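Worth knowing before you read on, the calculation uses all heavy atoms, side chains too, and leaves out hydrogens, waters and symmetry mates. Quick note on labels: first sequence line is chain A, next is B, and so on, each numbered from 1.
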Number of protein chains: 2
Amino acid sequence: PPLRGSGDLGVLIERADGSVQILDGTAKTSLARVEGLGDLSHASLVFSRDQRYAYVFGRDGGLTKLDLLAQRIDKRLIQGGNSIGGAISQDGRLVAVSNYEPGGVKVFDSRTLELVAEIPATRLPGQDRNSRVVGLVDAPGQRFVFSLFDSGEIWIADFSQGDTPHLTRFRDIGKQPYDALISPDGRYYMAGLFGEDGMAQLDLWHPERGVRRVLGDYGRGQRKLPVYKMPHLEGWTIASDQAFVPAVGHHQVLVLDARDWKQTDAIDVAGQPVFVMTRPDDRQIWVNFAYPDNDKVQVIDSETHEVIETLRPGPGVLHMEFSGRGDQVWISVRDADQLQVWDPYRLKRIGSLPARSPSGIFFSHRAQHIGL
Amino acid sequence: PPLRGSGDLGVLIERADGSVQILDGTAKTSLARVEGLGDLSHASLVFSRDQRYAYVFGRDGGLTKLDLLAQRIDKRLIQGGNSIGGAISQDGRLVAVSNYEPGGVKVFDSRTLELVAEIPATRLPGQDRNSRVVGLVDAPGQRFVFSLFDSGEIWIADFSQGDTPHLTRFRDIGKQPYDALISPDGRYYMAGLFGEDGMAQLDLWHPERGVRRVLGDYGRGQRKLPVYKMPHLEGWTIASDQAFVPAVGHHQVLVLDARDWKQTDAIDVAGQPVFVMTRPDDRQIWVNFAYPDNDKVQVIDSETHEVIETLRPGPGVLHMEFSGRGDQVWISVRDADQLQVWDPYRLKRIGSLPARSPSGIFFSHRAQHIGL
């Protein structure tokens, strides 16, 4: 294909067909469809540091190195037991993937996909399997950080001195950490708890201070919510002073003091929030919802905490993604087989591309940001 | 040339020869030298939103659209009176350049370099001239914001409706604003004053609130310092709570409370600071100095405010540039004819490339960030 820049390239997951579309974000057009990625019914991805490749992590444990410029699969491996949790290191050389069977982290060379390190999680007493690993992120200092669901731990894997990592293990951090995030500046790791309420916070500048329990009320309490009905911590937005997060099993966006981790306001919204996102200029909060309210997207003023507008793009709004500078927001409408493009200042639709059951949408500016 | 990503591509200014080198940031190599850019003895640049092109603003008023992938000049014009102050719009379509003759802002189609809007500054009495324009930035909302040195004004040019902007003019903001910055979140515009002390701050979210004077004692005071010896506001670094900035004519880096805009600390450093930069993870502050101390770079712990180390890359250290995720820092050593790449976590040089009087070094991840 002809020469083109990689800075405005997007990847759209087609969740029922094991395929992706590669998108020209500036022209608002589809460049290609690539097939052969297996089970993408759930999927995530990261980009190489030059933006030429996406690493797609599929529900089948597939790891696909996708060449966005040659518009083809470059390399692919399938490892049963690997999850969609995948991350890329600060220097772009290592791609880590969590696994839930037997439980641990595997780290691959970003060029060849050859195995560089296998990190088994704690072996469960009286068993021949390990703790599931969840909440894998990359962090500054050529580190990966992740949580152990069954045994209640957080570990740091430090690759700064070589391919055999230095491991730091924090035990008894909380019952069943099920997901985690790293703050946008790369300093704080926060794991949400499923076996009790609260979140476990680690200051990655000062890991010697240990893990700190914060936001002690945030969780399912005594409700029997399954794991997958808990908030996805990717659906948290953390600003400088404020965080906007989905309520656990309620139709509210909670506003948190991001310093003391206390709720300061609550916003009634048109459904159970699934993802809470920020326009890149921090002035608007964008929210999508769980079925039966997943035909709507609400836009909230970050200052007044009032709903500005309720958009209705169509049935099955799974994911959204802003352009790097925020001139666009892209919205997957699964049950309308459309990937829409909107102007988030006018709140008007400026494009709508056909797609097969579209889900995750990712643009290549993620390549330059820790945690993405 | 062959297919390659754009995400790790950089541009190095060779300031005496009117040329640049295009750099592969991952391989740490030079891909090409491109000549024919006129007078780059002063120069700045921004990138297209697909990271394929750089727009180089030359001291001769040259505007060069440089193809990083084809490794050639794609388009070039020379606009009499244009300054090196240039910026690119939130949607990537418009490139604006400040102008001292006749005085105003010129706006160009980023694809063709067609002149699409001319904004004259306020007229000056008794001359066939307008105020010269300084401190031009892009801002969210498809805006450009700039200051008028001679008439003491700040203007917002809103291009959201097309090529004819809507202008909001703030008068009597302070005597002789000489430079400006926009905060990393894109919310606040701050112009430094030369005719008196202090900074003029405009809240771009609430322009109806006008311009407020902040940091009222920061300036040259009663000292007869010429405008060209005032700090360049590009050399300010603003974090969430703290700013680190060059003192005005003192061998100190000032720590400012970013919320109340008041100095809280002053760090003794090895010369007159020129640029104060932050490692992308906010842990370290990097400082370069004016002659005769421009053979040194100092690294400061952002928490303790102490100098960690004094680096000596060589003579004439004019500029530094971090990679997107912070795994690298690139340092131009003008009088060694060397561009060095350093590991900012080990604080050690890891490689060098030859260059002719290297000055500015810019990597394409800037394409994704308001104000860069």
Side-chain angles (χ1 to χ4, degrees), chain A residues 1-9 24-26 47-53 67-70 88-93 138-142 160 185-187 204-206 239-241 279-283 302-303 323-328 343 345-346 363-372, chain B residues 1-9 24-27 47-53 67-70 88-93 138-142 160 185-187 204-206 239-241 258-259 279-283 303 323-328 343 345-346 363-370:
Chain A
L3 286 187
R4 64 157 299 114
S6 58
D8 62 356
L9 290 180
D24 180 337
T26 300
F47 294 86
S48 60
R49 80 192 302 277
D50 61 359
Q51 294 166 335
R52 178 174 178 168
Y53 304 94
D67 190 336
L68 308 181
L69 299 178
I88 189 163
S89 65
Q90 186 178 29
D91 68 358
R93 304 199 169 127
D138 59 292
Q142 193 71 359
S160 64
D185 57 16
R187 178 169 182 178
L204 297 172
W205 294 11
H206 296 104
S240 177
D241 293 338
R279 195 169 73 181
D281 68 0
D282 286 332
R283 186 134 200 206
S302 83
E303 271 193 319
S323 62
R325 292 196 183 213
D327 61 310
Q328 307 166 332
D343 180 341
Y345 287 81
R346 300 191 285 152
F363 273 87
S364 66
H365 58 79
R366 289 170 173 251
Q368 70 175 110
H369 292 124
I370 289 287
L372 301 176
Chain B
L3 286 193
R4 73 177 75 246
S6 301
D8 61 351
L9 295 187
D24 175 338
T26 301
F47 295 87
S48 62
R49 76 191 300 278
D50 61 3
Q51 288 174 244
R52 176 175 178 172
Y53 304 96
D67 191 341
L68 308 180
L69 296 176
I88 188 166
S89 61
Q90 182 175 33
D91 68 358
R93 174 173 87 85
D138 60 295
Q142 190 74 357
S160 58
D185 62 8
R187 175 165 183 184
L204 298 175
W205 291 14
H206 297 105
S240 50
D241 280 73
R259 309 209 323 99
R279 199 167 77 180
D281 69 358
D282 292 326
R283 280 215 79 164
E303 296 172 278
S323 63
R325 294 194 179 219
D327 54 309
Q328 305 169 335
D343 179 338
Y345 288 80
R346 298 190 318 120
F363 275 91
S364 68
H365 60 83
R366 287 170 175 252
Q368 310 297 342
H369 293 288
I370 294 282

- Can B:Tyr345 and A:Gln142 be said to form a side chain to side chain donor-acceptor pair (under 3.5 Å), step by step? CA-CA 10 Å; B:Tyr345 288 80; A:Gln142 193 71 359; over 6 Å; no

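If you take OG1 on B:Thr26 and CZ on A:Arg93, they are separated by 8.5 Å, rounding to the nearest 0.5 Å. A distance of 9.0 Å separates CZ in A:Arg346 from OG in B:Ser160, rounded to the nearest 0.5 Å. Here B:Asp327 contributes atom CG and A:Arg49 contributes atom CZ; the two are 4.5 Å apart, rounded to the nearest 0.5 Å. Note: B:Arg259 CZ to A:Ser240 OG = 9.0 Å, rounded to the nearest 0.5 Å.
Inter-residue side-chain proximity for A:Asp50 and B:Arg4 is flagged as unmet; no heavy-atom pair is nearer than 4.5 Å. Looking only at side-chain heavy atoms (C-beta outward), A:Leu3 and B:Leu3 come within less than 4.5 Å of each other.
Scanning both residues, A:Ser6 and B:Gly7, for their nearest heavy atoms gives OG-N, 3.5 Å.
Residue contact with chain A, scored on non-hydrogen atoms closer than 4.5 Å, is absent for B:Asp24.
Distance alone, capped at 3.5 Å, places no donor-acceptor pair between the B:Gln51 side chain and the A:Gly5 backbone. At least one donor-acceptor pair under 3.5 Å links the side chain of A:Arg283 to the backbone N or O of B:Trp205. The closest donor-acceptor contact from the side chain of A:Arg325 to the backbone of B:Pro140 lies at 3.5 Å or more, if one exists at all.
With hydrogens and angles left out, the side-chain atoms of B:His369 and A:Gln368 include a donor and acceptor closer than 3.5 Å.
Put simply, of B:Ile88, B:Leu68, B:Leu204, the one with the most heavy-atom pairs under 4.5 Å next to chain A is B:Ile88. With chain A as partner, the option from B:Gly141, B:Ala139, B:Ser323, B:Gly186 having the largest number of non-hydrogen pairs under 4.5 angstrom is B:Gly141.
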